[PDB]
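Engineer: For reference, the structure I am asking about is given below.
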2 protein chains.
Amino acid sequence: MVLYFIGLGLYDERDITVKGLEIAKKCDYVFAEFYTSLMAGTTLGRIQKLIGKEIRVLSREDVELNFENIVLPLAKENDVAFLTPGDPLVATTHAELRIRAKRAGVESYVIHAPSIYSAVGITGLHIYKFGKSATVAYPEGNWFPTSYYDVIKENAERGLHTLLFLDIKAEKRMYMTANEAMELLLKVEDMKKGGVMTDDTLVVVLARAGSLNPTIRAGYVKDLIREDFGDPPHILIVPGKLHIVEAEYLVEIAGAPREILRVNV
Amino acid sequence: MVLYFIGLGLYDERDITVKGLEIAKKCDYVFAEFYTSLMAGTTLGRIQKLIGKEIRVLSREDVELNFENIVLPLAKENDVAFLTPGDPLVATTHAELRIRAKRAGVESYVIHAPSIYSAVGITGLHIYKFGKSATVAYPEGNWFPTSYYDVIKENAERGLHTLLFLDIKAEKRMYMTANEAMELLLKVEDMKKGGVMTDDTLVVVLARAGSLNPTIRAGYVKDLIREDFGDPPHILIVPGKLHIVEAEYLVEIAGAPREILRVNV
Ligand SMILES: Nc1ncnc2c1ncn2[C@@H]1O[C@H](CSCC[C@H](N)C(=O)O)[C@@H](O)[C@H]1O
Ligand code: NA
């Protein structure tokens, strides 16, 4: 009579925690969703092969609207798992599902997994220096999202880094690139003109974290906006005031321009 | 010729990822450090057993001062593993170790694992609403550090949550409790009178994240300050103004008082 929210990690099926694999292996029913993020280094088959169970993949609608009609019911008489990319409660609304579980008299547990939210540490940027986070959403019709631009502004004013989750349309198989995010940022700059994002702004790109060779790059927008960072997923980071050691790492590991080593205190 | 930075996860020996365990098992030498943090739900013995390798522990001085003399030499002719609690490179100084590897002509790769930075998602608080993070340090002698107080003030002022790491004397295996942290904050409030921390301030406590049975509690300092949250480690969070969905979660899952649905939303 239990429901397990188990994270699968960043890139491939091996990013799952041992705890997660052992518990999933013994669950009667295994559900999962692959719309909140993209695990570029694996397939549904490989995950099934690793867990030894058939996995019923759910759509956003199946979850957001019928989680308690598709998953919870079985959880009352069985050990059920619900898998998700990265960590199941980071930058998703899956947390609210634990409430649905409670109201259906189902016990739920959470098994964490490596998340892009902490994996940003590989960029060399002090993780405690990150401020509010935001998402760069794809413009739709006449609707053009811009809130993420103000978030960057507020963080930068306080010298804090800004982590930018990039949009994803799983059904359309669309994964926003750091390039598309930079384009959208420049366009919003022309509108708000707050001097938040310009050709000379320093940015950091992390692509395919979790893989053995993620792409880690830092540089000025003017130089990175057209660079090829490889297959998605990508996140874009707008650093605040750098610490000298953050700069050295960006230069030594992310190929950033040597000149950023000279910080203006 | 290869150095692997492998994260051990949140609480016990099963919190390492499958990728990290397999790679660790294939390494000729395996180092670890338990000065940045400890794995409160396991032992060096249990981890050694799981990896099936002898694990040489390294002190803070071993890493910070002689990493290139103890670890890198061996990595030039073998596959070496360097294990750390949580997610690698989250501990402020570890990133520059990758620069040392580069200069020693050694290749390095990062194998991620869950970190408390993403694990706090289990509190039900939206991850994007967290602002700058801080650590609560014990006063001693004539030194009374209080920057963590200003961090809270600046985040809350912008409706952002503040993740507070509590002091730890790893070597002496001593932890600071959420209780002690709350007492310190009131003491600081009294000194700085900035109206940031009072008996009526809402806070969240997360203990033993990673365990299947963590302690998640939310309430006003006046009611939680002397509450027993159990064995360490403890994580204290000072939430900013809450979104209704966050409050409902704290109420239904963390046992927070209904009062928050009207007072803190
Ligand atoms: N391996 C990876 N590399 C780079 N960005 C990633 C990533 N995994 C997720 N993301 C980023 O996060 C977005 C999904 S947001 C959901 C995040 C997920 N629960 C987690 O814990 O990571 C993606 O569109 C992308 O911008
Ligand atoms: Na943060």
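Residue numbering restarts at 1 in every chain; chains get A, B, ... in the order shown in the structure tokens, and ligands count up from 1 in that same order.
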Neighbours of ligand 2 within 8 Å, counting only C-alpha atoms and all ligand atoms, as a PyMOL selection string?
Structural biologist: (chain A and resi 117+127-133) or (chain B and resi 117+127-128+130-133+163)
Engineer: For a quick test of understanding: name the residues of chain B lying within 8 Å of chain A when counting only C-alpha atoms, and present them as number ranges by chain.
Structural biologist: B: 14-19, 87-90, 92, 95-96, 98-99, 109-115, 117-119, 121-122, 124, 126-134, 160, 210, 212-213, 245, 249, 252-253
Engineer: Please produce a file of the residues just selected, as a PDB file, in the first residue's frame, where the atoms kept are C-alpha atoms.
Structural biologist:
ATOM      1  CA  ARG B  14      22.755   3.215  -1.027  1.00  0.00           C
ATOM      2  CA  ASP B  15      22.543   6.920  -1.881  1.00  0.00           C
ATOM      3  CA  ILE B  16      25.435   6.677  -4.314  1.00  0.00           C
ATOM      4  CA  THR B  17      24.199   6.258  -7.889  1.00  0.00           C
ATOM      5  CA  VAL B  18      24.568   3.063  -9.885  1.00  0.00           C
ATOM      6  CA  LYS B  19      26.979   4.858 -12.229  1.00  0.00           C
ATOM      7  CA  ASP B  87      27.053  15.937  -5.038  1.00  0.00           C
ATOM      8  CA  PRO B  88      30.670  16.662  -6.016  1.00  0.00           C
ATOM      9  CA  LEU B  89      31.721  20.287  -6.360  1.00  0.00           C
ATOM     10  CA  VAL B  90      28.876  21.558  -4.209  1.00  0.00           C
ATOM     11  CA  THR B  92      32.772  25.418  -2.235  1.00  0.00           C
ATOM     12  CA  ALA B  95      35.895  22.755  -7.922  1.00  0.00           C
ATOM     13  CA  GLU B  96      39.471  24.011  -8.005  1.00  0.00           C
ATOM     14  CA  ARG B  98      39.754  19.925 -11.139  1.00  0.00           C
ATOM     15  CA  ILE B  99      42.147  22.700 -12.057  1.00  0.00           C
ATOM     16  CA  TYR B 109      35.137  13.425 -14.666  1.00  0.00           C
ATOM     17  CA  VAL B 110      32.241  14.127 -12.335  1.00  0.00           C
ATOM     18  CA  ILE B 111      29.693  11.512 -11.304  1.00  0.00           C
ATOM     19  CA  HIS B 112      26.782  13.320  -9.639  1.00  0.00           C
ATOM     20  CA  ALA B 113      24.623  12.258  -6.702  1.00  0.00           C
ATOM     21  CA  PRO B 114      21.763  13.871  -4.739  1.00  0.00           C
ATOM     22  CA  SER B 115      22.596  17.033  -2.812  1.00  0.00           C
ATOM     23  CA  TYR B 117      20.255  21.685  -2.467  1.00  0.00           C
ATOM     24  CA  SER B 118      17.782  19.692  -4.577  1.00  0.00           C
ATOM     25  CA  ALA B 119      16.617  17.329  -1.837  1.00  0.00           C
ATOM     26  CA  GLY B 121      12.335  19.911  -2.678  1.00  0.00           C
ATOM     27  CA  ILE B 122      10.780  17.340  -0.342  1.00  0.00           C
ATOM     28  CA  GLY B 124       7.218  21.174  -0.716  1.00  0.00           C
ATOM     29  CA  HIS B 126       9.329  25.499  -4.938  1.00  0.00           C
ATOM     30  CA  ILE B 127      13.020  25.216  -5.764  1.00  0.00           C
ATOM     31  CA  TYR B 128      13.022  28.347  -7.931  1.00  0.00           C
ATOM     32  CA  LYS B 129      11.971  30.477  -4.940  1.00  0.00           C
ATOM     33  CA  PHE B 130      15.160  29.790  -2.974  1.00  0.00           C
ATOM     34  CA  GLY B 131      17.595  32.676  -2.898  1.00  0.00           C
ATOM     35  CA  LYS B 132      21.130  33.006  -1.593  1.00  0.00           C
ATOM     36  CA  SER B 133      22.109  30.174   0.759  1.00  0.00           C
ATOM     37  CA  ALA B 134      24.082  30.361   3.989  1.00  0.00           C
ATOM     38  CA  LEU B 160      12.575  34.137  -1.472  1.00  0.00           C
ATOM     39  CA  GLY B 210      17.742  10.682   1.835  1.00  0.00           C
ATOM     40  CA  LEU B 212      13.031   6.758   3.629  1.00  0.00           C
ATOM     41  CA  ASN B 213      11.709   8.217   6.885  1.00  0.00           C
ATOM     42  CA  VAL B 245       0.293  25.121  -2.919  1.00  0.00           C
ATOM     43  CA  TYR B 249       1.977  20.813   1.370  1.00  0.00           C
ATOM     44  CA  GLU B 252      -0.690  18.103   4.877  1.00  0.00           C
ATOM     45  CA  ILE B 253       2.819  16.626   4.820  1.00  0.00           C
TER      46      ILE B 253
END
Engineer: Can you pull out every residue within 9 Å of residue 234 of chain B, counting only C-alpha atoms, but drop anything in the same chain fewer than 4 positions away, and send it as a PyMOL selection string?
Structural biologist: chain B and resi 165-166+175-178+205-209+229-230
Engineer: Superposing chain B on chain A by least squares with every Cα paired in order, what RMSD results?
Structural biologist: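 That comparison of chain A with chain B gives 0.9 Å.
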Engineer: Atom CA of residue 256 of chain B to atom CA of residue 136 of chain B: how many Å, to one decimal?
Structural biologist: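 Atom-to-atom, atom CA of residue 256 of chain B to atom CA of residue 136 of chain B, that is 23.4 Å.
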Engineer: Let's see if you can do this: from backbone DSSP, list all helix (DSSP H, G or I) residues in segment 30-219 of chain B, as number ranges by chain.
Structural biologist: B: 44-51, 60-70, 72-75, 96-103, 116-123, 127-129, 147-156, 170-172, 178-192
Engineer: Tell me, in Å to one decimal, how far atom CA of residue 48 of chain B is from atom CA of residue 31 of chain B.
Structural biologist: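 Separation between atom CA of residue 48 of chain B and atom CA of residue 31 of chain B: 10.7 Å.
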Engineer: If you run DSSP on this backbone, which residues of segment 180-254 of chain A come out as strand (DSSP E or B), and could you give them as a PDB file with N, CA and C atoms, in the first residue's frame?
Structural biologist:
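Produced file states.pdb, reproduced below:
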ATOM      1  N   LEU A 202      28.425  38.123 -19.751  1.00  0.00           N
ATOM      2  CA  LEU A 202      29.057  36.827 -19.560  1.00  0.00           C
ATOM      3  C   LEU A 202      27.986  35.795 -19.208  1.00  0.00           C
ATOM      4  N   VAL A 203      28.011  34.657 -19.888  1.00  0.00           N
ATOM      5  CA  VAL A 203      27.058  33.591 -19.615  1.00  0.00           C
ATOM      6  C   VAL A 203      27.795  32.275 -19.490  1.00  0.00           C
ATOM      7  N   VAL A 204      27.112  31.291 -18.919  1.00  0.00           N
ATOM      8  CA  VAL A 204      27.674  29.968 -18.728  1.00  0.00           C
ATOM      9  C   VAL A 204      26.661  28.956 -19.239  1.00  0.00           C
ATOM     10  N   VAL A 205      27.139  28.001 -20.029  1.00  0.00           N
ATOM     11  CA  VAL A 205      26.274  26.975 -20.582  1.00  0.00           C
ATOM     12  C   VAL A 205      26.719  25.589 -20.135  1.00  0.00           C
ATOM     13  N   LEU A 206      25.748  24.803 -19.685  1.00  0.00           N
ATOM     14  CA  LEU A 206      25.984  23.443 -19.250  1.00  0.00           C
ATOM     15  C   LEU A 206      25.023  22.584 -20.058  1.00  0.00           C
ATOM     16  N   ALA A 207      25.572  21.670 -20.844  1.00  0.00           N
ATOM     17  CA  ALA A 207      24.741  20.806 -21.662  1.00  0.00           C
ATOM     18  C   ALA A 207      25.037  19.355 -21.357  1.00  0.00           C
ATOM     19  N   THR A 215      29.049  19.467 -21.899  1.00  0.00           N
ATOM     20  CA  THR A 215      29.669  20.623 -22.512  1.00  0.00           C
ATOM     21  C   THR A 215      29.558  21.755 -21.504  1.00  0.00           C
ATOM     22  N   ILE A 216      30.704  22.298 -21.103  1.00  0.00           N
ATOM     23  CA  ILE A 216      30.720  23.388 -20.143  1.00  0.00           C
ATOM     24  C   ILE A 216      31.432  24.563 -20.781  1.00  0.00           C
ATOM     25  N   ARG A 217      30.686  25.633 -21.025  1.00  0.00           N
ATOM     26  CA  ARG A 217      31.257  26.808 -21.663  1.00  0.00           C
ATOM     27  C   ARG A 217      30.830  28.104 -21.006  1.00  0.00           C
ATOM     28  N   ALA A 218      31.756  29.051 -20.975  1.00  0.00           N
ATOM     29  CA  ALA A 218      31.510  30.360 -20.397  1.00  0.00           C
ATOM     30  C   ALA A 218      32.113  31.370 -21.362  1.00  0.00           C
ATOM     31  N   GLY A 219      31.408  32.475 -21.572  1.00  0.00           N
ATOM     32  CA  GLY A 219      31.897  33.491 -22.480  1.00  0.00           C
ATOM     33  C   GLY A 219      30.877  34.588 -22.667  1.00  0.00           C
ATOM     34  N   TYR A 220      31.177  35.517 -23.566  1.00  0.00           N
ATOM     35  CA  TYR A 220      30.265  36.621 -23.822  1.00  0.00           C
ATOM     36  C   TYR A 220      29.195  36.166 -24.790  1.00  0.00           C
ATOM     37  N   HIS A 234      19.922  21.666 -22.271  1.00  0.00           N
ATOM     38  CA  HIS A 234      20.843  22.732 -21.917  1.00  0.00           C
ATOM     39  C   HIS A 234      20.194  23.567 -20.836  1.00  0.00           C
ATOM     40  N   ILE A 235      21.020  24.237 -20.040  1.00  0.00           N
ATOM     41  CA  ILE A 235      20.540  25.184 -19.048  1.00  0.00           C
ATOM     42  C   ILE A 235      21.429  26.375 -19.331  1.00  0.00           C
ATOM     43  N   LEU A 236      20.937  27.562 -19.030  1.00  0.00           N
ATOM     44  CA  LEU A 236      21.733  28.754 -19.244  1.00  0.00           C
ATOM     45  C   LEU A 236      21.888  29.424 -17.892  1.00  0.00           C
ATOM     46  N   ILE A 237      23.100  29.873 -17.594  1.00  0.00           N
ATOM     47  CA  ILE A 237      23.358  30.552 -16.333  1.00  0.00           C
ATOM     48  C   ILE A 237      23.942  31.944 -16.557  1.00  0.00           C
ATOM     49  N   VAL A 238      23.374  32.930 -15.872  1.00  0.00           N
ATOM     50  CA  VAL A 238      23.842  34.308 -15.939  1.00  0.00           C
ATOM     51  C   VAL A 238      24.514  34.597 -14.588  1.00  0.00           C
TER      52      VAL A 238
END
